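The sequence lines fix the lettering, A, B, ..., with proteins before strands; numbering per chain opens at 1. These numbers come from the heavy atoms of this one structure, side chains and all, not from hydrogens, waters or symmetry mates.
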Amino acid sequence: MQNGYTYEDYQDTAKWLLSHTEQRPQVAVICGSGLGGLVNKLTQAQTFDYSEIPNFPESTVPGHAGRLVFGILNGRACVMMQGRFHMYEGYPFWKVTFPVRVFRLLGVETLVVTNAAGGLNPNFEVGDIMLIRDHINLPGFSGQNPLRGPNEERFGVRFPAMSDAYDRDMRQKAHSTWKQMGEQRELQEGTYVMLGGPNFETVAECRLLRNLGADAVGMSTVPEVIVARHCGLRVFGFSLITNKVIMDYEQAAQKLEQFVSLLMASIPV
Amino acid sequence: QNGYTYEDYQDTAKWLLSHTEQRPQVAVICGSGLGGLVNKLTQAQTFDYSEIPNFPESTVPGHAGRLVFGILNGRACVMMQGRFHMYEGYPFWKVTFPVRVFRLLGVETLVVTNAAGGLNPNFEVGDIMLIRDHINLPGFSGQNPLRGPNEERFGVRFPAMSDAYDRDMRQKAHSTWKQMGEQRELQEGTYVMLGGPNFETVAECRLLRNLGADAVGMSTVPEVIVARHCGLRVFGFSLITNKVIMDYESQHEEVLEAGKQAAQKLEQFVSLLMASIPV
Amino acid sequence: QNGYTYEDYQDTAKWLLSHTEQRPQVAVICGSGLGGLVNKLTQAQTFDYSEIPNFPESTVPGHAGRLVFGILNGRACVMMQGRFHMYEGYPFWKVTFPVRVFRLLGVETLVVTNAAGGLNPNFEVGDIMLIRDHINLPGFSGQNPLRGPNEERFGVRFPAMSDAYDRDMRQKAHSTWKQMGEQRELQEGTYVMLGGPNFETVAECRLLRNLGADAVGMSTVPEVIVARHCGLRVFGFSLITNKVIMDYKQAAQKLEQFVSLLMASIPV
Amino acid sequence: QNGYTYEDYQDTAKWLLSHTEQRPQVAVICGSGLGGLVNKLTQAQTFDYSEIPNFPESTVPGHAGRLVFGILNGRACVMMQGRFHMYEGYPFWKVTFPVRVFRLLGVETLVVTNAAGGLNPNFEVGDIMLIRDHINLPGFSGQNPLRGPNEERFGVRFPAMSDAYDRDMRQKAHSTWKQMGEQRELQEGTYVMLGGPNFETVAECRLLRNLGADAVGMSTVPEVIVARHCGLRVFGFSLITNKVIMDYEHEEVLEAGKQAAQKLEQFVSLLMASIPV
Amino acid sequence: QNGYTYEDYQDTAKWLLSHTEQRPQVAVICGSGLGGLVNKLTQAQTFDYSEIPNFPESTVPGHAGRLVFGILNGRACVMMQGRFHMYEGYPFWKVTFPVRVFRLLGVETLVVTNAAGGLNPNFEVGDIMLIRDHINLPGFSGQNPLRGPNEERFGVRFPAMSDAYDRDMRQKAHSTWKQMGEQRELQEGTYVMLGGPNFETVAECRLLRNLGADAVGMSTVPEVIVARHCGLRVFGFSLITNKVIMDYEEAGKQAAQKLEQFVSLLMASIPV
Amino acid sequence: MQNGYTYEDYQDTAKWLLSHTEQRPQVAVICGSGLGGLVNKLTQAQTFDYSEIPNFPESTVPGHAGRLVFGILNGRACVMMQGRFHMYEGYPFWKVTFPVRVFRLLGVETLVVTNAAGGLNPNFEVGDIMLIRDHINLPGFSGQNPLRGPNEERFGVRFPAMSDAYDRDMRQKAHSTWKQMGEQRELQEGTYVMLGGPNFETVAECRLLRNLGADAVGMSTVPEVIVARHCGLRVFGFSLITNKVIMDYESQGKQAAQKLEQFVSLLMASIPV
Ligand SMILES: C[C@@H](Cn1cnc2c(N)nc(N)nc21)OCP(=O)([O-])[O-]
Ligand SMILES: C[C@@H](Cn1cnc2c(N)nc(N)nc21)OCP(=O)([O-])[O-]
Ligand SMILES: C[C@@H](Cn1cnc2c(N)nc(N)nc21)OCP(=O)([O-])[O-]
Ligand SMILES: C[C@@H](Cn1cnc2c(N)nc(N)nc21)OCP(=O)([O-])[O-]
Ligand SMILES: C[C@@H](Cn1cnc2c(N)nc(N)nc21)OCP(=O)([O-])[O-]
Ligand SMILES: C[C@@H](Cn1cnc2c(N)nc(N)nc21)OCP(=O)([O-])[O-]
Ligand SMILES: [Ca+2]
Ligand SMILES: [Ca+2]
Ligand SMILES: [Ca+2]
Ligand SMILES: [Ca+2]
Ligand SMILES: [Ca+2]
Ligand SMILES: [Ca+2]
Ligand SMILES: [Ca+2]
Ligand SMILES: [Ca+2]
Ligand SMILES: [Ca+2]
Ligand SMILES: [Ca+2]
């Protein structure tokens, strides 16, 4: 890929946003599928349709034009993405991840990512919440990477490390807060693997992914994390296990919303 | 992202339906060396890929592909003699273009065949492997014929692939194979597709086998994904033309010979199976 | 799919052939931090990549690459000081453009070197790993310098890659290392290439190791594939500059010395 | 080669028809400084170009265009406030996208207005010129919104342009103008379109006049061609905001322009009652 | 800068040379309604454009073009039945691809024909206009089949175009027209090419006429330019099928047959 | 085409040049075909190949790669282009004109453009030097313009005027300076018309162009002038009439080059500021 955005594009978008809202969030949240209801938990919200924001990719699915919402979650100023972009919709990664770099320029310091995923870990049950401790970037293995192209030093280094991508401290807080919520099910934890999609996996692919050490599978999130870490954002996230993948040839969403809301109090600064 | 619009598929289907009175219910994509299947076909009417509107055109000089409509074993079908591969430069939305056209022609079942390298230790050159499942390596990185906005007139946004290879046809393939009475048993397994065109290193071969792959090739998977997305029943076979070497210690005319004989066997197998396809 | 036509490779080769009287028999691609190999050349003649027709141009500012012709250790060769990477935005047909040009110049052997992360826990920082085999992850998805119609004037449609790293040179590499009487042993293993530019997560590292990989990098494999397709003998090394995270320089000069020594073991 | 397929136009039309109850019969493309027409419209409903599926988005940072539906003077209209130009980088198939959408909405007449430079020596700043014909310079080189395979559902392969500007509306324009009781006559002439964005050199101005042109601009023609191709009745005007320089050797000009704009706006409103059906 | 590389042309030429034994010395590009010239051709071998390697493919539905080799009037030639136009979406380097292939086949003379609108008021519907010169409007803005680095194996960087339409053939055309038994004079003039697909407004027609144009169309010029660049002898005609509107104020089937017969006769006048 | 270069690209190229040379040119000269010898006669010259300069378009003709040369001409520091880019070679105008914007960022205030052209005016003879008083941009009529695309306000306005593109003062000084030279032939003056190329004109086209009011015809320069005026550069230039265009259907260099070169050197002293 040849990242089509120039440094000034990001600046223009950030400048437009900074002049259209007086809010200055320190945390950005990307709402996964069916988790958009999180925006309704914000107070003093101001919304911007993706379509009106300069340089912003526009939603694909008809009748579901995305929105960027600035607001207060749990005493914390946030900027949230209601609706996201996926590689399977035809968006190259430099477009899918455009918002992450804009957030960095707005002054955001932490990125919370959430998604709905397929459970590969045999212990997982539909409705479980999995704290993402690590990921496997399959598209990245072949070069499909949002960082492809000459490096923009104003954002980060040429070869950013990913071994510490999911903040270790937030991990501990996530477990503490979960116990405070008193759930019948434990807080799951593990590796998220991303693949292109849009078709779901065959049985042989699921077995293969599980042996790769993956716990949950999806078609997003990884590109955003890579860009976030590259530009210095702290990151943490969760996968909502909406289905158990088929391994043989033979509500929960509100809980996650509450969980993310409570964790706002655990984000540094 | 797919460059064809819904009406492009319709225009091609309309062109074909107006140029032939045949109305096939089954489509067959012949792999390499299985091109002889077109013979054995009766009342055949041929269209060179090059003359069909919107149809991708062959790459290998002197081997322009052809779409042939004819009767195989009393069953009307349309066959692809020569196919398209990612390694030739075609994106998957072009490689799989014909599959959606077939659906629009009224086809309800797609039969896919190919030549593949054997990964399973029980496999021998000349074996025929019923495809029970597949591993789409290109799909892992986003190279997918379904990439782009979803066309609901074909299928859903997130089509399932766990039951891609028809279970009923699998049972019929096994019973038919027995009725054929062959020296070798009908193998069965997972086909893994990778880009090509170079063949694998020993390390890649060991890796693929560990992934659970039984046969390796550079086609078929894309077609199957598109077929399932638009509702086509699918079943297919891999002709094992060569055994892959799994180690460094281990150090041809007979290999080619075993391949040609196996190919004739696959042709008869596919012909007999026509009677087993429902409807 | 490859945007260069056969005549483009020829035009570039002729330009070089008419701008230098040297006729290299060996080509060397210098990995990261190994550019110093060029200084060992004598009778050196340099050409900036930027001035050579059809040649891709470096991306990192202040580090414009160069093609240098000269004698290393009694052998005529052409060296690449600075390389091209997929992570930089180049499609493989551009990354490997030079390999086909070298073949047209008359080169018969290609030496590939690179810096890599150590996956095999036996490797220590500074170790040299003779490349015995490779795993082309980008190739699994079709990202291949050979993608597109085949140019028979270079090679066959389906080149074999199982015998990519010359067995003879691998034996001489081991014999030469012992003759040098080095304290540390000469490592050997499988090199796996992934796109980059980010480094691996712990999960990816564990995965790659289980795939049978000993060293990981973001180059070399494309050039090797193209080299073998057009008939070049191939051998190379990874300089293990770091041990990848598996849980939650005199070394470079030694490689440069070793590669220089092996020039004498190259046939013809 | 057009980048939109027939169904893209239908999608946009369907979207609009399901987001407004207004059913326009006439479309108005407002020229530079003529966006005030949108005011004086009642029962108005606005859509930013940015939110409309497939619609090109304005380049000029600061004035994101919008589509406005409403009743003008007894007629249901859809108006473009903000336009697209070739000089901005839009290929003609994007510039004219709205025209085909309008036809699919049920629009039967297209009114095009623009600000233009005066080539006719008799023209004065503030004059309003009924467009009687045009000269498509970009079309001479193949830059044409119709380039590519023809879409028969819109129109024929070789559309005629000799009768592009409706003769009946031309008579209606002169009648309505006369009734308004204006002292300055309603000018009439040929509009020539060129790419832009730079203004003409003296040599170019003379050349243009010798070609038979009365006014020069960088828009409108592409739209008129697409409109006639899909069967829309067309008529329009050029507001002469400046006299081009013809020799090698202001507040009043601005004023005459401002007043002429208001005048053209009133003129178009009145003309709504003379549109057939 | 032209999508095709020299070897692309060679491949196509080789394909044709190995699929037919005929070796044409002349090539004819049939205009609108003049495809019937392919008939009255003996020992004809036809190839659909679609099957010929690198050949552009027709856009008009149900009218797939074809290349036909055969003897016309004692001369071996290759004819294009159906052509390519910029208004259809083809860049000029594609529209003119066949011309360079013809040169590589051994063709020495190119006969171009087309249907055109009459600008010269002296012209009447059905008239045949010998092309004496042309005006390349798309060329004024850089839209040219020769745009890009020059391929010397074909021609020079800056080819002259003032002597594009062979003087001798034009003189031969006027002398041969006699035996056509036509009571109508053989017209002659300047052909002006513009993009299309829409027809001219009144103002454009008056303008084109004042430019010195006698007939207007949407083709031919790109082919002539490439033909002259690679050294081909060029000869051409426009069939005036309509008189453009110059103010706001069955027969054609016979006219085409007339041109076809005329072109056939001229075969005997082509040198060598 | 809406121009593929971003503002920062021009800045990057200017910064690179400014850090590789200490010279601060106030004048930029684009040498036409056969006028390349102007680079000589330049003192304290520093040269840069187009190929090594970041973002710089590269020459197409094999064996003759272009160079950017910085030096002193006649007491005036300047930068010259030896080798140019033409639309007929495949370059879009945003590439052809890239150097002009870089010059502006380098601190250049005046652009001198020269070229070889065909004479349309019956009074011109081969070897005549024609001061460009105005131009006709044929490609511009159809939209082929280096300014196509969103306007970059940091360079100039959206609708720049071109009625006064060729500096009147320099034109007056050119005629006065020519006098001093005491040449036999007079310094011609006229309208330059730009066509795409690469083929030369037919008789019909030549007659057409003359009727359009053109005095000389060529395939360059106009784009550079348009971009120069857009970013506020003072402009003046000349066409060396290398050939006389044929207008009659019946009808069957070096020398002036050096002359134009010494003339341009002389004019350096007349350039303001
Ligand atoms: C489709 C959904 C992800 N997603 C949910 N379930 C699955 C599954 N079984 N397999 C794959 N490959 N992806 C799955 O997207 C949710 P997101 O937008 O929040 O990432
Ligand atoms: C090249 C052949 C497939 N094909 C046959 N053998 C192999 C092998 N060992 N490795 C790979 N990667 N592909 C193999 O194509 C046959 P198809 O066109 O019928 O798929
Ligand atoms: C970045 C460097 C390669 N390279 C060096 N270390 C690593 C590492 N840990 N992981 C990956 N993926 N690549 C690594 O490139 C060196 P080359 O240009 O000589 O290939
Ligand atoms: C710039 C303005 C048109 N426009 C106004 N005056 C001129 C002029 N002198 N020359 C050219 N070429 N165009 C002119 O656009 C107005 P529109 O958007 O309503 O067409
Ligand atoms: C459409 C036809 C040309 N063609 C025929 N009549 C006209 C006309 N009045 N105006 C224009 N611009 N073109 C005209 O093409 C015929 P050809 O394919 O033989 O060139
Ligand atoms: C080819 C030369 C220009 N050039 C010189 N003479 C002519 C002529 N008669 N017609 C056209 N169209 N161009 C002509 O280029 C000179 P430059 O590079 O200095 O512009
Ligand atoms: Ca938008
Ligand atoms: Ca786990
Ligand atoms: Ca075709
Ligand atoms: Ca270069
Ligand atoms: Ca439809
Ligand atoms: Ca939009
Ligand atoms: Ca008039
Ligand atoms: Ca050759
Ligand atoms: Ca074809
Ligand atoms: Ca360069």
Side-chain angles (χ1 to χ4, degrees), chain B residues 32 57-63 84-92 94-95 115 117 135-145 147 192-211 213 216-219 221-222 241-242 244-251, chain C residues 1-3 86 91-93 119 131-152 155-165 167 170 188-195 207-215 221-222 224-230 234:
Chain B
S32 73
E57 299 191 0
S58 311
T59 299
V60 294
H63 297 78
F84 313 117
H85 311 268
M86 153 178 262
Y87 67 68
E88 293 182 292
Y90 305 109
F92 288 137
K94 277 193 183 180
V95 167
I135 293 169
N136 187 189
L137 296 185
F140 285 173
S141 67
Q143 292 289 173
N144 194 118
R147 191 183 182 187
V192 64
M193 188 239 164
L194 32 64
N198 70 85
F199 273 26
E200 300 69 39
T201 60
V202 166
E204 296 168 343
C205 285
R206 296 173 179 177
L207 178 168
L208 292 174
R209 178 54 189 173
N210 274 303
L211 260 43
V216 55
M218 311 165 185
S219 73
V221 173
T241 55
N242 61 101
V244 149
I245 294 299
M246 295 297 155
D247 60 294
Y248 300 104
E249 294 204 311
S250 61
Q251 294 288 183
Chain C
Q1 199 176 311
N2 192 348
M86 157 179 259
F92 285 141
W93 50 272
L119 258 34
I131 302 178
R132 177 201 299 160
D133 202 2
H134 74 225
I135 290 170
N136 186 189
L137 296 185
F140 291 163
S141 63
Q143 289 288 175
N144 196 121
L146 297 179
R147 184 179 182 188
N150 187 66
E151 172 52 73
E152 312 297 319
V156 310
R157 165 41 92 196
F158 304 106
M161 211 57 60
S162 63
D163 60 332
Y165 302 91
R167 173 165 42 184
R170 282 154 64 203
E188 184 174 58
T190 294
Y191 175 99
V192 59
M193 189 240 168
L194 38 64
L207 174 170
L208 296 176
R209 179 52 184 171
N210 296 331
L211 252 44
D214 299 294
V221 173
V224 173
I225 288 175
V226 168
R228 294 302 298 156
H229 179 245
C230 69
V234 175

Inset, instruction - Taking all heavy atoms of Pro197(B) and all of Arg157(C), pick out the closest pair and write down the distance. - result: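 Closest heavy-atom pair between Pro197(B) and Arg157(C): CB-O, 3.4 Å.
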Inset, instruction - For residues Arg147(C) and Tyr90(B), report the shortest heavy-atom separation together with the two atoms involved. - result: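 Closest approach of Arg147(C) to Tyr90(B), heavy atoms only: NH2-O, 3.0 Å.
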Which region of [X], side chain (C-beta onward) or backbone (N, CA, C, O), has a non-hydrogen atom less than 4.5 Å from a non-hydrogen atom of chain B, or is it both or neither?
{"X": "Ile135(C)", "value": "both"}
{"X": "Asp163(C)", "value": "neither"}
{"X": "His229(C)", "value": "neither"}
{"X": "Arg228(C)", "value": "neither"}

Please report the interatomic distance [atom1]([X]) to [atom2]([Y]), rounded to the nearest 0.5 Å.
{"X": "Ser141(C)", "Y": "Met86(B)", "atom1": "OG", "atom2": "CE", "value": "6.5 Å"}
{"X": "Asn210(C)", "Y": "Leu207(B)", "atom1": "CG", "atom2": "CG", "value": "10.5 Å"}
{"X": "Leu211(B)", "Y": "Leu211(C)", "atom1": "CG", "atom2": "CG", "value": "6.5 Å"}
{"X": "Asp133(C)", "Y": "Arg206(B)", "atom1": "CG", "atom2": "CZ", "value": "8.0 Å"}

Legend entry - Part of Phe140(B) within contact of chain C (heavy atom distance under 4.5 Å):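 Neither part, no heavy atoms under 4.5 Å.
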Inset, instruction - Check whether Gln143(B) gets within reach of chain C through its side chain, its backbone, both or neither, counting any heavy atom under 4.5 Å. - result: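 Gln143(B) touches chain C through side-chain heavy atoms alone.
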Inset, instruction - Verify, without hydrogens or angle tests, whether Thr201(B) (side chain) and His134(C) (backbone) share a donor-acceptor contact under 3.5 angstrom. - result: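 Checking the backbone N and O of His134(C) against the side chain of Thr201(B), a donor-acceptor pair under 3.5 Å is found.
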Legend entry - Largest heavy-atom contact set with chain C, pairs under 4.5 Å, which of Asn198(B), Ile245(B), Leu194(B):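 Highest number of pairs under 4.5 Å: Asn198(B).
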Legend entry - Parallel, tilted or perpendicular, as decided by the 30° and 60° cut-offs, for the rings of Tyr87(B) and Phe158(C):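 Ring orientation of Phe158(C) relative to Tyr87(B): perpendicular.
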